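Note: the block below is structure-v7.tsv and it holds TSV, C-alpha atoms.
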```
chain	number	residue	atom	x	y	z
A	274	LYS	CA	90.16	63.64	145.62
A	275	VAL	CA	90.72	66.85	143.67
A	276	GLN	CA	94.20	68.12	144.48
A	277	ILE	CA	95.32	71.42	142.92
A	278	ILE	CA	98.42	73.33	144.00
A	279	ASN	CA	100.22	76.35	142.61
A	280	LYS	CA	103.49	76.94	144.45
A	281	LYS	CA	106.47	79.01	143.45
A	282	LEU	CA	109.57	78.01	145.42
A	283	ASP	CA	110.22	75.21	147.90
A	284	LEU	CA	114.01	74.93	148.29
A	285	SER	CA	115.64	77.93	146.71
A	286	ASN	CA	118.58	80.30	147.02
A	287	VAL	CA	118.16	83.42	144.89
A	288	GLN	CA	120.88	86.05	144.80
A	289	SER	CA	120.47	89.12	142.61
A	290	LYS	CA	122.87	92.05	142.19
A	291	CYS	CA	125.55	90.70	144.47
A	292	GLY	CA	128.67	92.78	144.33
A	293	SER	CA	127.11	95.00	141.77
A	294	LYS	CA	127.54	98.49	140.33
A	295	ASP	CA	130.89	98.96	142.01
A	296	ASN	CA	133.57	101.60	141.41
A	297	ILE	CA	136.92	101.26	143.17
A	298	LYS	CA	139.31	104.10	142.44
A	299	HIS	CA	142.82	104.71	143.76
A	300	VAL	CA	144.99	107.76	143.19
A	301	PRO	CA	148.09	107.10	145.32
A	302	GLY	CA	150.76	109.71	145.52
A	303	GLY	CA	153.21	107.42	147.26
A	304	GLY	CA	153.16	104.22	149.25
A	305	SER	CA	149.58	103.00	149.11
A	306	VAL	CA	147.80	99.67	149.42
A	307	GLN	CA	144.16	99.17	148.42
A	308	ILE	CA	142.41	95.92	149.31
A	309	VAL	CA	138.91	94.80	148.30
A	310	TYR	CA	137.47	91.49	149.48
A	311	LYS	CA	134.07	90.53	148.02
A	312	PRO	CA	133.35	86.83	148.52
A	313	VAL	CA	129.83	85.92	147.43
A	314	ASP	CA	129.57	82.45	148.85
A	315	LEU	CA	126.66	80.03	148.63
A	316	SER	CA	126.30	76.54	150.05
A	317	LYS	CA	123.60	73.93	150.45
A	318	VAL	CA	125.32	71.33	152.62
A	319	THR	CA	123.01	68.36	153.14
A	320	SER	CA	124.81	65.79	155.27
A	321	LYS	CA	123.81	62.40	156.68
A	322	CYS	CA	126.50	60.50	158.56
A	323	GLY	CA	127.33	58.61	161.72
A	324	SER	CA	129.00	55.43	162.92
A	325	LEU	CA	132.53	56.77	163.41
A	326	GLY	CA	131.92	58.94	160.38
A	327	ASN	CA	134.69	61.52	160.63
A	328	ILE	CA	133.61	64.43	158.46
A	329	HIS	CA	136.12	67.22	157.95
A	330	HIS	CA	134.48	69.92	155.88
A	331	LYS	CA	137.16	72.60	155.63
A	332	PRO	CA	136.85	75.19	152.91
A	333	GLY	CA	140.09	77.08	153.04
A	334	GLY	CA	139.42	80.78	153.28
A	335	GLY	CA	141.19	83.38	151.18
A	336	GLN	CA	144.41	84.90	152.40
A	337	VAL	CA	145.98	88.29	151.76
A	338	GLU	CA	149.62	88.85	152.67
A	339	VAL	CA	151.57	92.10	152.31
A	340	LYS	CA	155.14	92.67	153.47
A	341	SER	CA	157.07	95.81	152.56
A	342	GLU	CA	160.57	96.02	153.99
A	343	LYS	CA	162.61	98.81	152.38
A	344	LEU	CA	160.77	101.94	151.26
A	345	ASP	CA	162.29	105.40	151.00
A	346	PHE	CA	161.17	108.44	149.05
A	347	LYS	CA	164.10	110.78	149.40
A	348	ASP	CA	162.86	113.97	147.84
A	349	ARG	CA	159.52	114.72	146.21
A	350	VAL	CA	155.97	113.43	145.96
A	351	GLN	CA	153.59	115.84	144.22
A	352	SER	CA	150.02	115.25	143.07
A	353	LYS	CA	148.15	118.01	141.22
A	354	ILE	CA	144.69	116.87	140.20
A	355	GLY	CA	142.01	118.61	138.20
A	356	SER	CA	139.04	116.28	137.76
A	357	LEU	CA	138.04	112.71	138.57
A	358	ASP	CA	134.79	111.11	137.51
A	359	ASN	CA	132.69	113.50	135.45
A	360	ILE	CA	129.67	111.21	135.45
A	361	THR	CA	126.29	112.08	134.02
A	362	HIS	CA	124.43	108.91	134.87
A	363	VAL	CA	121.28	109.93	133.08
A	364	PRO	CA	118.33	107.58	133.15
A	365	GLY	CA	115.84	109.61	131.16
A	366	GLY	CA	113.23	107.08	130.10
A	367	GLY	CA	109.68	107.18	131.39
A	368	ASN	CA	109.70	103.38	131.56
A	369	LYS	CA	106.66	101.14	132.07
A	370	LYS	CA	107.14	97.94	134.07
A	371	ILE	CA	103.94	95.93	133.72
A	372	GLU	CA	104.08	92.88	135.99
A	373	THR	CA	101.03	90.66	135.66
A	374	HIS	CA	100.72	87.88	138.24
A	375	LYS	CA	97.14	86.71	138.20
A	376	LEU	CA	95.66	83.81	140.14
A	377	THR	CA	92.45	82.32	138.72
A	378	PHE	CA	90.99	79.23	140.42
A	379	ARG	CA	87.46	78.05	139.54
A	380	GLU	CA	86.64	74.94	141.55
B	274	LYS	CA	88.25	66.11	149.16
B	275	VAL	CA	88.85	69.32	147.23
B	276	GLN	CA	92.33	70.56	148.07
B	277	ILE	CA	93.48	73.86	146.53
B	278	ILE	CA	96.60	75.74	147.64
B	279	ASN	CA	98.43	78.75	146.28
B	280	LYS	CA	101.69	79.31	148.14
B	281	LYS	CA	104.69	81.35	147.16
B	282	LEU	CA	107.78	80.31	149.15
B	283	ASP	CA	108.39	77.49	151.61
B	284	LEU	CA	112.18	77.18	152.01
B	285	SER	CA	113.85	80.18	150.46
B	286	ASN	CA	116.80	82.52	150.80
B	287	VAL	CA	116.41	85.66	148.69
B	288	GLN	CA	119.16	88.26	148.61
B	289	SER	CA	118.79	91.35	146.44
B	290	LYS	CA	121.21	94.26	146.05
B	291	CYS	CA	123.87	92.87	148.33
B	292	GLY	CA	127.00	94.93	148.23
B	293	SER	CA	125.48	97.18	145.67
B	294	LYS	CA	125.95	100.67	144.25
B	295	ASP	CA	129.29	101.11	145.95
B	296	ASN	CA	131.99	103.73	145.38
B	297	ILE	CA	135.33	103.35	147.15
B	298	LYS	CA	137.76	106.17	146.45
B	299	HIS	CA	141.26	106.74	147.79
B	300	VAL	CA	143.46	109.78	147.25
B	301	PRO	CA	146.54	109.08	149.38
B	302	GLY	CA	149.24	111.67	149.61
B	303	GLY	CA	151.65	109.35	151.36
B	304	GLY	CA	151.57	106.14	153.33
B	305	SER	CA	147.98	104.95	153.17
B	306	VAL	CA	146.17	101.63	153.45
B	307	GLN	CA	142.53	101.17	152.43
B	308	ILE	CA	140.74	97.93	153.29
B	309	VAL	CA	137.25	96.84	152.26
B	310	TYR	CA	135.78	93.54	153.42
B	311	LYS	CA	132.37	92.62	151.94
B	312	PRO	CA	131.61	88.92	152.41
B	313	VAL	CA	128.10	88.04	151.30
B	314	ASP	CA	127.79	84.57	152.69
B	315	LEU	CA	124.87	82.18	152.44
B	316	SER	CA	124.47	78.68	153.84
B	317	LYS	CA	121.75	76.10	154.22
B	318	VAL	CA	123.43	73.46	156.39
B	319	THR	CA	121.10	70.51	156.88
B	320	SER	CA	122.86	67.92	159.01
B	321	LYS	CA	121.83	64.53	160.39
B	322	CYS	CA	124.50	62.60	162.27
B	323	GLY	CA	125.30	60.68	165.42
B	324	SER	CA	126.93	57.48	166.62
B	325	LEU	CA	130.46	58.79	167.14
B	326	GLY	CA	129.89	60.98	164.12
B	327	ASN	CA	132.68	63.53	164.39
B	328	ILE	CA	131.64	66.46	162.23
B	329	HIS	CA	134.17	69.23	161.75
B	330	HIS	CA	132.57	71.96	159.69
B	331	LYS	CA	135.27	74.62	159.46
B	332	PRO	CA	134.99	77.23	156.75
B	333	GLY	CA	138.25	79.09	156.91
B	334	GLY	CA	137.61	82.79	157.17
B	335	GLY	CA	139.41	85.39	155.09
B	336	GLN	CA	142.64	86.88	156.33
B	337	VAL	CA	144.24	90.25	155.72
B	338	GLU	CA	147.88	90.78	156.65
B	339	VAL	CA	149.86	94.02	156.31
B	340	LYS	CA	153.43	94.55	157.50
B	341	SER	CA	155.39	97.68	156.61
B	342	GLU	CA	158.88	97.85	158.07
B	343	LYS	CA	160.96	100.63	156.48
B	344	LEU	CA	159.15	103.78	155.37
B	345	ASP	CA	160.70	107.23	155.14
B	346	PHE	CA	159.61	110.29	153.19
B	347	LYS	CA	162.56	112.60	153.57
B	348	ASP	CA	161.35	115.81	152.02
B	349	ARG	CA	158.04	116.60	150.38
B	350	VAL	CA	154.47	115.35	150.10
B	351	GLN	CA	152.12	117.78	148.36
B	352	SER	CA	148.55	117.22	147.19
B	353	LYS	CA	146.72	120.01	145.35
B	354	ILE	CA	143.25	118.91	144.30
B	355	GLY	CA	140.59	120.68	142.30
B	356	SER	CA	137.61	118.37	141.83
B	357	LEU	CA	136.57	114.81	142.62
B	358	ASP	CA	133.31	113.24	141.53
B	359	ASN	CA	131.24	115.66	139.47
B	360	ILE	CA	128.21	113.39	139.44
B	361	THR	CA	124.85	114.30	138.01
B	362	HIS	CA	122.96	111.15	138.83
B	363	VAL	CA	119.82	112.20	137.03
B	364	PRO	CA	116.85	109.87	137.07
B	365	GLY	CA	114.39	111.93	135.08
B	366	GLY	CA	111.76	109.44	133.99
B	367	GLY	CA	108.20	109.55	135.26
B	368	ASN	CA	108.19	105.75	135.41
B	369	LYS	CA	105.13	103.54	135.89
B	370	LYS	CA	105.58	100.33	137.89
B	371	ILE	CA	102.36	98.34	137.51
B	372	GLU	CA	102.47	95.28	139.76
B	373	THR	CA	99.39	93.09	139.40
B	374	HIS	CA	99.05	90.30	141.97
B	375	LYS	CA	95.46	89.16	141.91
B	376	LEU	CA	93.94	86.26	143.82
B	377	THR	CA	90.73	84.81	142.38
B	378	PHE	CA	89.23	81.72	144.05
B	379	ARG	CA	85.70	80.57	143.15
B	380	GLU	CA	84.84	77.46	145.14
C	274	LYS	CA	92.17	61.14	141.97
C	275	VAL	CA	92.68	64.34	140.00
C	276	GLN	CA	96.15	65.65	140.80
C	277	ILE	CA	97.22	68.96	139.22
C	278	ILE	CA	100.31	70.91	140.29
C	279	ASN	CA	102.07	73.94	138.88
C	280	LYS	CA	105.34	74.58	140.71
C	281	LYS	CA	108.29	76.67	139.68
C	282	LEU	CA	111.41	75.71	141.66
C	283	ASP	CA	112.10	72.93	144.14
C	284	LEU	CA	115.90	72.69	144.52
C	285	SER	CA	117.49	75.71	142.92
C	286	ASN	CA	120.41	78.11	143.22
C	287	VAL	CA	119.94	81.22	141.08
C	288	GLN	CA	122.64	83.88	140.96
C	289	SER	CA	122.19	86.94	138.76
C	290	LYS	CA	124.55	89.89	138.32
C	291	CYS	CA	127.25	88.58	140.60
C	292	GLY	CA	130.34	90.69	140.45
C	293	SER	CA	128.75	92.89	137.87
C	294	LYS	CA	129.14	96.37	136.42
C	295	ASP	CA	132.49	96.89	138.09
C	296	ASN	CA	135.13	99.56	137.47
C	297	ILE	CA	138.49	99.26	139.22
C	298	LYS	CA	140.86	102.12	138.47
C	299	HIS	CA	144.36	102.78	139.78
C	300	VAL	CA	146.50	105.85	139.19
C	301	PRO	CA	149.61	105.23	141.31
C	302	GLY	CA	152.26	107.87	141.49
C	303	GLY	CA	154.73	105.62	143.24
C	304	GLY	CA	154.72	102.42	145.24
C	305	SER	CA	151.16	101.17	145.12
C	306	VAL	CA	149.41	97.82	145.45
C	307	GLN	CA	145.77	97.27	144.46
C	308	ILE	CA	144.06	94.01	145.37
C	309	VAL	CA	140.58	92.84	144.37
C	310	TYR	CA	139.18	89.52	145.57
C	311	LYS	CA	135.79	88.52	144.13
C	312	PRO	CA	135.10	84.81	144.64
C	313	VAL	CA	131.60	83.86	143.57
C	314	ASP	CA	131.37	80.39	145.00
C	315	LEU	CA	128.49	77.94	144.80
C	316	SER	CA	128.17	74.45	146.23
C	317	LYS	CA	125.50	71.82	146.66
C	318	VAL	CA	127.26	69.24	148.83
C	319	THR	CA	124.99	66.25	149.37
C	320	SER	CA	126.82	63.71	151.51
C	321	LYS	CA	125.86	60.32	152.93
C	322	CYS	CA	128.58	58.45	154.81
C	323	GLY	CA	129.44	56.58	157.97
C	324	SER	CA	131.15	53.43	159.18
C	325	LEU	CA	134.66	54.81	159.66
C	326	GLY	CA	134.02	56.96	156.62
C	327	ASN	CA	136.76	59.57	156.85
C	328	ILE	CA	135.64	62.46	154.67
C	329	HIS	CA	138.12	65.27	154.15
C	330	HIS	CA	136.44	67.95	152.07
C	331	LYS	CA	139.10	70.66	151.79
C	332	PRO	CA	138.74	73.23	149.06
C	333	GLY	CA	141.97	75.15	149.18
C	334	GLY	CA	141.26	78.85	149.41
C	335	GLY	CA	142.99	81.46	147.29
C	336	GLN	CA	146.20	83.02	148.50
C	337	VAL	CA	147.72	86.42	147.84
C	338	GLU	CA	151.36	87.03	148.73
C	339	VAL	CA	153.27	90.30	148.35
C	340	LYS	CA	156.84	90.91	149.50
C	341	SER	CA	158.73	94.07	148.57
C	342	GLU	CA	162.23	94.32	149.99
C	343	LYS	CA	164.24	97.13	148.36
C	344	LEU	CA	162.37	100.24	147.23
C	345	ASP	CA	163.85	103.71	146.96
C	346	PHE	CA	162.68	106.73	144.99
C	347	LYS	CA	165.59	109.10	145.33
C	348	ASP	CA	164.31	112.27	143.76
C	349	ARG	CA	160.96	112.98	142.14
C	350	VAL	CA	157.42	111.65	141.90
C	351	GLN	CA	155.01	114.03	140.16
C	352	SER	CA	151.44	113.39	139.02
C	353	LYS	CA	149.54	116.12	137.17
C	354	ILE	CA	146.09	114.94	136.16
C	355	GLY	CA	143.38	116.64	134.16
C	356	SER	CA	140.44	114.28	133.74
C	357	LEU	CA	139.48	110.70	134.57
C	358	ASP	CA	136.24	109.06	133.53
C	359	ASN	CA	134.11	111.42	131.46
C	360	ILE	CA	131.12	109.09	131.48
C	361	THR	CA	127.72	109.92	130.06
C	362	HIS	CA	125.90	106.74	130.93
C	363	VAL	CA	122.74	107.71	129.14
C	364	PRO	CA	119.81	105.33	129.23
C	365	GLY	CA	117.30	107.32	127.24
C	366	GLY	CA	114.70	104.77	126.20
C	367	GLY	CA	111.16	104.82	127.50
C	368	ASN	CA	111.22	101.03	127.68
C	369	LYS	CA	108.20	98.76	128.21
C	370	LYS	CA	108.73	95.57	130.23
C	371	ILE	CA	105.55	93.52	129.89
C	372	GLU	CA	105.73	90.49	132.18
C	373	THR	CA	102.70	88.23	131.86
C	374	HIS	CA	102.43	85.46	134.46
C	375	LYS	CA	98.86	84.25	134.44
C	376	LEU	CA	97.42	81.34	136.39
C	377	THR	CA	94.23	79.81	134.99
C	378	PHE	CA	92.80	76.71	136.70
C	379	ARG	CA	89.29	75.49	135.84
C	380	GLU	CA	88.50	72.38	137.87
```
Spit out the file's structure as structure tokens when you get a sec.
Amino acid sequence: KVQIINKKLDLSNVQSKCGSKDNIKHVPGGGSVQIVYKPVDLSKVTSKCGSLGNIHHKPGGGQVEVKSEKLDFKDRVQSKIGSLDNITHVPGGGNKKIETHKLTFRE
Amino acid sequence: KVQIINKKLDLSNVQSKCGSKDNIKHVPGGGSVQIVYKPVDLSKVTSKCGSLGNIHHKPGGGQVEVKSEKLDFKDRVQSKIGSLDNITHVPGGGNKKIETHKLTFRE
Amino acid sequence: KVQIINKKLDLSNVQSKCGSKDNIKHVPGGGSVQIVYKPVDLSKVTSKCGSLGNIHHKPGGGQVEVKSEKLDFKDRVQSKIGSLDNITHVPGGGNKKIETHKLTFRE
């Protein structure tokens, strides 16, 4: 009766880089709406019920409401732009990622 | 009775780079709506019920509502643009990704 | 009866870099609304009920409400821009990530 087990994950939710490295840029001249909706939502619902069990699982969702009624721009909207986002994203390293995962079993 | 098991994942939800490396750019002259809807949604619903069990699983979804009523631009909308997004994304590294996954079993 | 187990995760929710490395930039000339909605939401709901058990799980969701009624820009909206975001994101290190995960079992 020699029992030997190596096991990584049995019941797991792994979420990496969720809503990540994000640039949201707005240059309105006039009358502009920008909307960004990033729900990162995670649920383990384990449920045991019965016998007239009245379960009402109701996660209210998000709401966005916009009402513009009176908007007038009588004369002038002018946008003179030179330069957005001068980005040198320079990864210059000759990196070494050594990832040892070694599995020795002598029975 | 020599039992030996190596096993990585049995019940797993892995989510990598979800909604990732994202650029959202708006240059409205006049009267513009930009909408971005990134729900990253994850559920393990384990349910055991019965016997008049009345289950009401209702995750409200997201809502977006836009109402513009009065909008006038009587004279001038002008957009003179030189340069957006001067991006040198320079990965210059001769990287080494060493990934050892070795499986030794001597029975 | 020799029982030996190595096991990493059984019941786990891991969330790394969630809503991460985020730039939100607004340059309105006139009359602009910017909306960003990042809910990072995590739930382990373990439920055992019954027998006229009336469960009302109701997480109110977020609400966004915008009402503009009187908006007039009689004469002039002018936006002269030179430079946004001069970003040298310079990772210059030849980094070494040594990740030893070694699995020795002598039975």
CA of residue 343 in chain B to CA of residue 339 in chain C, distance in Å rounded to a single decimal = 15.2 Å
Give the answer as one residue: which of A:305, A:295, A:324, A:277 has the shortest atom-to-atom distance to residue 344 in chain A, using all atoms listed in the file?
-> A:305
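Shell of residue 365 in chain B at 12 Å, with all atoms listed in the file counted and residues fewer than 5 places along the chain excluded, is residues 361, 362, 363, 364, 365, 366, 367 and 368 of chain A; 363, 364, 365, 366 and 367 of chain C.
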Kindly assemble as a Markdown table a list of the chain B residues that lie within 9 Å of chain C, each paired with its nearest atom pair and their distance in Å to one decimal, using all atoms listed in the file, sorted first by chain and then by ascending residue number.
```
| residue | atom | partner | partner_atom | distance |
| --- | --- | --- | --- | --- |
| B:284 | CA | C:283 | CA | 8.9 |
| B:322 | CA | C:323 | CA | 8.9 |
| B:326 | CA | C:323 | CA | 7.6 |
| B:333 | CA | C:334 | CA | 8.1 |
| B:335 | CA | C:334 | CA | 8.9 |
| B:366 | CA | C:367 | CA | 8.0 |
| B:368 | CA | C:367 | CA | 8.5 |
```
Could you give me range 316-337 of chain C completed to N, CA, C and O atoms, formatted as a PDB file, keeping the file's coordinate frame?
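Listed below is the output, rebuild-v5.pdb:
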```pdb
ATOM      1  N   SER C 316     128.014  75.873 145.979  1.00  0.00           N
ATOM      2  CA  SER C 316     128.170  74.450 146.230  1.00  0.00           C
ATOM      3  C   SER C 316     126.897  73.821 146.756  1.00  0.00           C
ATOM      4  O   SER C 316     126.309  74.297 147.730  1.00  0.00           O
ATOM      5  N   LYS C 317     126.489  72.738 146.112  1.00  0.00           N
ATOM      6  CA  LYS C 317     125.500  71.820 146.660  1.00  0.00           C
ATOM      7  C   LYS C 317     126.262  70.558 147.048  1.00  0.00           C
ATOM      8  O   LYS C 317     126.601  69.736 146.191  1.00  0.00           O
ATOM      9  N   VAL C 318     126.558  70.415 148.333  1.00  0.00           N
ATOM     10  CA  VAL C 318     127.260  69.240 148.830  1.00  0.00           C
ATOM     11  C   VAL C 318     126.225  68.344 149.494  1.00  0.00           C
ATOM     12  O   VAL C 318     125.741  68.640 150.593  1.00  0.00           O
ATOM     13  N   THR C 319     125.875  67.265 148.824  1.00  0.00           N
ATOM     14  CA  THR C 319     124.990  66.250 149.370  1.00  0.00           C
ATOM     15  C   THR C 319     125.864  65.059 149.723  1.00  0.00           C
ATOM     16  O   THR C 319     126.530  64.487 148.857  1.00  0.00           O
ATOM     17  N   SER C 320     125.875  64.695 150.999  1.00  0.00           N
ATOM     18  CA  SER C 320     126.820  63.710 151.510  1.00  0.00           C
ATOM     19  C   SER C 320     126.083  62.685 152.360  1.00  0.00           C
ATOM     20  O   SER C 320     125.298  63.051 153.241  1.00  0.00           O
ATOM     21  N   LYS C 321     126.341  61.412 152.095  1.00  0.00           N
ATOM     22  CA  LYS C 321     125.860  60.320 152.930  1.00  0.00           C
ATOM     23  C   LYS C 321     127.043  59.389 153.189  1.00  0.00           C
ATOM     24  O   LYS C 321     127.625  58.830 152.248  1.00  0.00           O
ATOM     25  N   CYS C 322     127.397  59.226 154.459  1.00  0.00           N
ATOM     26  CA  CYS C 322     128.580  58.450 154.810  1.00  0.00           C
ATOM     27  C   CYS C 322     128.379  57.774 156.158  1.00  0.00           C
ATOM     28  O   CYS C 322     127.266  57.687 156.684  1.00  0.00           O
ATOM     29  N   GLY C 323     129.480  57.283 156.708  1.00  0.00           N
ATOM     30  CA  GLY C 323     129.440  56.580 157.970  1.00  0.00           C
ATOM     31  C   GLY C 323     130.461  55.469 157.989  1.00  0.00           C
ATOM     32  O   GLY C 323     131.306  55.354 157.099  1.00  0.00           O
ATOM     33  N   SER C 324     130.371  54.656 159.041  1.00  0.00           N
ATOM     34  CA  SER C 324     131.150  53.430 159.180  1.00  0.00           C
ATOM     35  C   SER C 324     132.630  53.668 158.890  1.00  0.00           C
ATOM     36  O   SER C 324     133.191  53.185 157.908  1.00  0.00           O
ATOM     37  N   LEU C 325     133.239  54.465 159.765  1.00  0.00           N
ATOM     38  CA  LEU C 325     134.660  54.810 159.660  1.00  0.00           C
ATOM     39  C   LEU C 325     134.931  55.596 158.379  1.00  0.00           C
ATOM     40  O   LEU C 325     136.072  55.731 157.941  1.00  0.00           O
ATOM     41  N   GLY C 326     133.864  56.099 157.771  1.00  0.00           N
ATOM     42  CA  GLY C 326     134.020  56.960 156.620  1.00  0.00           C
ATOM     43  C   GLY C 326     134.732  58.227 157.030  1.00  0.00           C
ATOM     44  O   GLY C 326     134.216  59.017 157.825  1.00  0.00           O
ATOM     45  N   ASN C 327     135.933  58.417 156.511  1.00  0.00           N
ATOM     46  CA  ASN C 327     136.760  59.570 156.850  1.00  0.00           C
ATOM     47  C   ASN C 327     136.720  60.517 155.668  1.00  0.00           C
ATOM     48  O   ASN C 327     137.458  60.340 154.692  1.00  0.00           O
ATOM     49  N   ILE C 328     135.849  61.510 155.753  1.00  0.00           N
ATOM     50  CA  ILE C 328     135.640  62.460 154.670  1.00  0.00           C
ATOM     51  C   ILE C 328     136.486  63.673 154.978  1.00  0.00           C
ATOM     52  O   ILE C 328     136.417  64.220 156.083  1.00  0.00           O
ATOM     53  N   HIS C 329     137.298  64.079 154.017  1.00  0.00           N
ATOM     54  CA  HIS C 329     138.120  65.270 154.150  1.00  0.00           C
ATOM     55  C   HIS C 329     137.829  66.156 152.952  1.00  0.00           C
ATOM     56  O   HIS C 329     138.505  66.069 151.919  1.00  0.00           O
ATOM     57  N   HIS C 330     136.800  66.972 153.082  1.00  0.00           N
ATOM     58  CA  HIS C 330     136.440  67.950 152.070  1.00  0.00           C
ATOM     59  C   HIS C 330     137.227  69.206 152.393  1.00  0.00           C
ATOM     60  O   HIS C 330     136.983  69.844 153.417  1.00  0.00           O
ATOM     61  N   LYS C 331     138.176  69.556 151.535  1.00  0.00           N
ATOM     62  CA  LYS C 331     139.100  70.660 151.790  1.00  0.00           C
ATOM     63  C   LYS C 331     139.321  71.425 150.504  1.00  0.00           C
ATOM     64  O   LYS C 331     140.284  71.171 149.769  1.00  0.00           O
ATOM     65  N   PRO C 332     138.461  72.341 150.185  1.00  0.00           N
ATOM     66  CA  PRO C 332     138.740  73.230 149.060  1.00  0.00           C
ATOM     67  C   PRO C 332     139.740  74.295 149.452  1.00  0.00           C
ATOM     68  O   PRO C 332     139.424  75.214 150.211  1.00  0.00           O
ATOM     69  N   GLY C 333     140.956  74.155 148.948  1.00  0.00           N
ATOM     70  CA  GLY C 333     141.970  75.150 149.180  1.00  0.00           C
ATOM     71  C   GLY C 333     141.461  76.525 148.801  1.00  0.00           C
ATOM     72  O   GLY C 333     140.898  76.713 147.720  1.00  0.00           O
ATOM     73  N   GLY C 334     141.618  77.482 149.705  1.00  0.00           N
ATOM     74  CA  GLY C 334     141.260  78.850 149.410  1.00  0.00           C
ATOM     75  C   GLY C 334     142.351  79.557 148.643  1.00  0.00           C
ATOM     76  O   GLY C 334     143.492  79.093 148.609  1.00  0.00           O
ATOM     77  N   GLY C 335     142.019  80.681 148.024  1.00  0.00           N
ATOM     78  CA  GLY C 335     142.990  81.460 147.290  1.00  0.00           C
ATOM     79  C   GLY C 335     143.950  82.181 148.215  1.00  0.00           C
ATOM     80  O   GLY C 335     143.620  82.584 149.332  1.00  0.00           O
ATOM     81  N   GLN C 336     145.172  82.343 147.728  1.00  0.00           N
ATOM     82  CA  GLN C 336     146.200  83.020 148.500  1.00  0.00           C
ATOM     83  C   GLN C 336     146.801  84.165 147.702  1.00  0.00           C
ATOM     84  O   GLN C 336     147.031  84.076 146.495  1.00  0.00           O
ATOM     85  N   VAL C 337     147.082  85.249 148.415  1.00  0.00           N
ATOM     86  CA  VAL C 337     147.720  86.420 147.840  1.00  0.00           C
ATOM     87  C   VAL C 337     148.953  86.727 148.679  1.00  0.00           C
ATOM     88  O   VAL C 337     148.855  86.854 149.906  1.00  0.00           O
TER      89      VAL C 337
END
```
